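Here's the structure we're looking at; comments come further down.
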Amino acid sequence: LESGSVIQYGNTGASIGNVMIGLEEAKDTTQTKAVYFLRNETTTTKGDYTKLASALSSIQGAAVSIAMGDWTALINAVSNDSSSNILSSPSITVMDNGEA
Amino acid sequence: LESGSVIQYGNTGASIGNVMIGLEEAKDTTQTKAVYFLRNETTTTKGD
């Protein structure tokens, strides 16, 4: 994020840019005025988790981030299996040449 | 939550990311101005 460099794949249910930006917006911020006649008018503000919540909403399986110095590697991996088995038996009794 | 790492499964009726974020938003927060000429203008706020 210091530059705009990404190796991005949108096929996976998680994009690295959205994850990184949402992580950034969730940090605590200090707007220190230093309007020095109140010499040190700082402030603190808790971050917002909306972008991070939206980024992780569709993730199925493993999505693990590893930081190694101004470079983040996101690994995604999942395996899905499903089975279905249905039996139905309707029956009716009629007379010859009649509709049922 | 320090990173974005999750091993998430939505089939279950509970997703870990939503649980963790909701737990975080329910904590007590201190917006300490330290606008030092009231040297220590703190505040406290109950979580949602």
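Bear in mind that the values in this text are calculations on the coordinates, not laboratory data. When we count neighbours, we look across all protein chains shown, and the Cβ atoms used for this are built from the backbone with ideal geometry, even at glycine.
Observations on the model:
- Three principal axis lengths of segment A:44-100 [C-alpha, angstrom, descending]: 85, 29, 12
- Of the three principal axes defined by the Cα atoms of segment B:6-48, the extents in descending order read 55, 18, 7 Å.
- Annotation: amide H of residue B:9 within the under-5 Å range of A:61, B:16, sequence separation 5 or more or interchain, hydrogens built in the peptide plane.
- Sites residue A:62 and residue A:34, calculated FRET efficiency, Cβ-Cβ separation with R0 25 Å, nearest 0.05: 0.05
- Spin-label model, residue A:93/residue B:16: points 7 Å from Cα along the beta carbon direction are separated by 5.9 nm.
- Estimated from the Cβ-Cβ distance and a Förster radius of 22 angstrom, the FRET efficiency linking residue B:2 and residue A:2 is about 0.70.
- Normalised by residue number, the volume inside the convex hull of the Cα atoms of the protein assembly as shown is 218 Å³ per residue.
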